[PDB]
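First the structure, in the form of structure tokens, and then the observations on it.
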Amino acid sequence: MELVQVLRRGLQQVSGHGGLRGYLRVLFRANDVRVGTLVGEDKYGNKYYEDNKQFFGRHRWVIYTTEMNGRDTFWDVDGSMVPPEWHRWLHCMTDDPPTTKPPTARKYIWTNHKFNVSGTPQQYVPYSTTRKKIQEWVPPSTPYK
Amino acid sequence: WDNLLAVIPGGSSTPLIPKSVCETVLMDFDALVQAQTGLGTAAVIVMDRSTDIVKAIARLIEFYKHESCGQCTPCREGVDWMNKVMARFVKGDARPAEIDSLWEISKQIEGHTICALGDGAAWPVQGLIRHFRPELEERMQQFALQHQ
Amino acid sequence: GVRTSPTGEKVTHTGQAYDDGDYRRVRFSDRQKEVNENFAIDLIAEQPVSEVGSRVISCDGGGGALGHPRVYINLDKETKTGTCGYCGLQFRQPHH
Amino acid sequence: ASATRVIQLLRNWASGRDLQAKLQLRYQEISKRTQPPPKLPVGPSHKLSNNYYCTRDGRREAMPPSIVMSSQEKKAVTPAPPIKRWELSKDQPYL
Ligand code: SF4
Ligand SMILES: [Zn+2]
């Protein structure tokens, strides 16, 4: 009996992911075919699912967006593509998703979560943030002598 | 005499004394010294049962705060602190622990000032606590129940 | 506000910008000079000055434990506004 | 990230114990990751009176080491009374 139901829900796996094409899309992209309730979505396109039935660690997950900040992320993705508001919910540091509890807004907070900028020409180059200490004599211009 | 609540024997410096003691007290220096007070300047200040003893002692502490010359630390800072504490006490804005805190502050003021004004400001607080702690406790309880 | 030096380098809030005849600028080509656009020097300026109706006022920075240590500012000089030394918020007596 | 009954019997028999009762995967028994705010208590010295640091001082009541002999019948003594032999564990003496 459970064999038949087990064979069956493997078809709900392909039905949930928008048919066969989406099934191979998620299989080749996120390496999983499991379905889950759409907890939310961010402005960059990442979709955020949760399934409390899964054991602690895989109860929440992301399908990363195809495109972010002028970069194709269909095939290459990383953990820095998580916006700061949702990084709390994803890492099980809270049970309140940004959809229900949104983080407090302030002027200085960014509006475009840049990913790891290492490698790309938008890297970070250390430099001294202080001015000079010893000044020079700046000799006069009149020949005089 | 039944309507007498308290007697200040010799001015603000001398601690007050309750009616039970006032029944039989000679007015010499030694007799009042045995009565945990002083003859001072023989300034009899009688307060009847219709007197807010907390209010009167707080007014005395306010006088001492206004008259402190501010030279030494215990009188400059301590007396003002006692004034604030007694101002809260009059409205009962405190808890039972600050009564002992005020006693400790008064003891810290005593014997640590250049002149005797620090002791003359600490003594009224000590007398008021020693003879009317239940009054402060009950006023504080009334304020607590009202602020509910 | 962040502005551009004659060479082209953006000056930070600390007034830092490499000189034209400075080789160190080599590090920034094919990269960018990481600077913070939100200047604290400006951002604190437009914060309204609170009309406190008392001689002195206590500032904790807002949020209690979330803010700075609570300090008391004396608002007695009518020619200036008392400014907290921790967060920069100003206060002023109601026209004295 | 649930096994069928047929599989559970195979796992249980191959191991000889009820694995479903005690699993190494945490499903829902864990504490909720969001918790109510706590109110921490105070120590034994959060008193408003009789709290002078002279009594509570720990560092200032450490005297210098006490010398018992310097270079500038009497029964033999021991650093301490001898250890007492340990006893077998009544819970599980022999493993
Ligand atoms: S105790 Fe006497 S000397 Fe000290 S501040 Fe008060 S008035 Fe001045
Ligand atoms: Zn401040």
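Residue numbers (full-length UniProt numbering), protein chains in the order written: chain L, 1 to 145; chain P, 311 to 458; chain W, 28 to 123; chain R, 2 to 73, 91 to 113.
Think of the CB as a built atom: it goes at the ideal place given N, C-alpha and C, for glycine as much as any other residue.
Beta carbon of residue i nearer than 7 Å to that of residue j
i	j	result
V400/P	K375/P	no
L412/P	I367/P	no
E78/W	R51/W	no
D87/W	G80/W	no
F442/P	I363/P	yes
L370/P	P444/P	no
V53/W	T39/W	no
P140/L	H113/L	no
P97/L	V14/L	no
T383/P	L315/P	no
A407/P	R398/P	no
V4/L	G16/L	no
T106/W	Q117/W	no
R34/R	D78/L	no
residue 89/R	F55/L	Any structural detail on residue 89/R is unavailable, because chain R resumes at 91 straight after 73.
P328/P	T347/P	no
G402/P	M357/P	no
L90/L	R60/L	yes
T41/W	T120/L	no
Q418/P	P325/P	no
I409/P	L349/P	no
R58/W	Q123/L	yes
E50/L	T37/L	yes
C-beta neighbour in chain R for residue i, strict 7 Å
i	result
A454/P	no
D410/P	yes
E414/P	yes
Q54/L	yes
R88/L	no
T99/L	no
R58/L	yes
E85/L	no
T94/L	yes
Minimum Cβ-Cβ distance from residue i to chain P less than 7 Å
i	result
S46/R	no
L49/R	yes
Proximity test, Cβ basis, 7 Å: residue i and chain L
i	result
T31/W	no
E61/W	yes
residue 144/W	Only positions 28 to 123 of chain W appear in this structure, which leaves residue 144/W out of reach.
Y28/R	yes
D57/W	yes
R12/R	no
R54/W	yes
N65/W	yes
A2/R	yes
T35/R	yes
Beta carbon proximity, residue i to chain W, threshold 7 Å
i	result
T129/L	yes
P121/L	yes
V117/L	no
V138/L	no
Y108/L	yes
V14/L	no
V6/L	no
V125/L	yes
Residue i Cβ short of 6 Å to ligand 3 heavy atom set
i	result
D338/P	Absence of ligand 3 from the depicted structure is noted, with ligand 1 and ligand 2 being the only ligands included.
Partner residues on chain A for residue i, Cβ-Cβ distance less than 8 Å
i	result
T56/R	Absence of chain A from the displayed structure is noted, the protein chains being L, P, W and R.
Interface residues of the segment 70 to 81 of chain W facing chain L [CB-CB below 8 Å]:
The residues in question are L70.
Which residues of the segment 394 to 407 of chain P have a Cβ closer than 7 Å to any Cβ of chain R? Give them in chain order.
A407
Residues around ligand 2, please: the ones whose beta-carbon is closer than 6 Å to some heavy atom of it, in chain order.
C86/W, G88/W, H95/W, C111/W, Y113/W, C114/W, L116/W
By C-beta, the residues closer than 7 Å to any heavy atom of ligand 1, given in chain order
Result: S378/P, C379/P, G380/P, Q381/P, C382/P, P384/P, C385/P, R386/P, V389/P, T423/P, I424/P, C425/P, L427/P, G428/P.
Listed in chain order, which residues of the segment 64 to 77 of chain L have Cβ atoms closer than 8 Å to some Cβ of chain R?
Listed by position along the chain: nothing, the set is empty.
Only counting runs of 3 or more residues, tell me where the beta strand (DSSP E) segments fall wholly within the segment 52 to 95 of chain W, in order along the chain.
Within the segment 52 to 95 of chain W, complete beta strand (DSSP E) segments of at least 3 residues are found at 83 to 86, given in chain order.
Taking only beta carbons into account, state which residues of the segment 20 to 54 of chain L come closer than 8 Å to chain R, listed in chain order.
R34, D51, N52, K53, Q54
Restricting to runs no shorter than 3 residues, where is the beta strand (DSSP E) found entirely within the segment 44 to 120 of chain L?
47 to 50, 60 to 63
Could you pull out every unbroken alpha helix (DSSP H) segment of at least 4 residues lying fully inside the segment 341 to 377 of chain P, listed in chain order?
363 to 377
Run through the segment 383 to 416 of chain P for me and flag every whole alpha helix (DSSP H) of 4 or more residues, listed as ranges in chain order.
389 to 400
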